[PDB]
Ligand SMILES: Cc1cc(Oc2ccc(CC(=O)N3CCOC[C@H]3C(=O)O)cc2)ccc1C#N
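Shown below, as structure tokens, is a lone chain in the form solved without the ligand; questions about how it binds or moves come after it.
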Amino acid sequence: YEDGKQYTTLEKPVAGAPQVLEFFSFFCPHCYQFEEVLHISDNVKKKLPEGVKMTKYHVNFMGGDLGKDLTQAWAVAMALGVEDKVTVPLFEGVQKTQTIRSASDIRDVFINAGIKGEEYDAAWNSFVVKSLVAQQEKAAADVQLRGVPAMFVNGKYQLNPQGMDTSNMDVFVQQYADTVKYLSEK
């Protein structure tokens, strides 16, 4: 694992940043395969060292105001701690079936998952959610993020995908998780 090949280093690291921060967008195609198809996130967590947890933030430069809403809906997910319950249906409802067309549609997804409407609305307007929306926006700009998907380790190292083996699809996935596993151990 060398700098400039499998990963890179930021000329300005981010203090207080999560151990493993991922950036995605329910609108991005790459992001769809990054998880729904390839399942890169899960593979990473399978090789993640003890005590090390991952964090995923939704970006808002895609999909217009609806994206600005998905980012807030993503904050509700983290607030109530139901990330693993809404991720899949949101990815499908937006890109696959194409049912999710507004905040009203998103609300229905959370309800169908198990969250109550009043519980959703209360959270939707809570300060914890507000802190998260700004926290996510703050984090994105902090790493001078240009596009998604993208993963960062210890707020200093950025994952470099195309700088890794991409012949066999089943290998690229493992190599990525390993680089993360290696950078987390630093």
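Numbers follow the displayed sequence, beginning with 1.
There is another form of the same protein, the form solved in complex with the ligand; it is not shown, and what comes next is about it.
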Just to confirm, with a 4.5 Å cut-off on non-hydrogen atoms, which of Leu48, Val133, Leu38, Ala123 contacts the ligand in the bound PDB entry? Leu38
Using a 4.5 angstroms cut-off on non-hydrogen atoms, would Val153 count as touching the ligand in the bound PDB entry? no
Taking the ligand as it sits in the bound PDB entry, is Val129 near enough to touch it, meaning that at least one heavy atom pair lies within 4.5 angstroms? no
Classify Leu10 as contacting or not contacting the ligand in the bound PDB entry by the rule of any non-hydrogen atom within 4.5 angstroms, answering yes or no. no
Can you work out whether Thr166 and the ligand are in contact in the bound PDB entry, taking contact to mean some heavy atom pair no more than 4.5 Å apart? yes
Hey, which residues along 129-167 are within 4.5 angstroms of the ligand in the bound PDB entry, non-hydrogen atoms only? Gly147, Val148, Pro149, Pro161, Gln162, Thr166
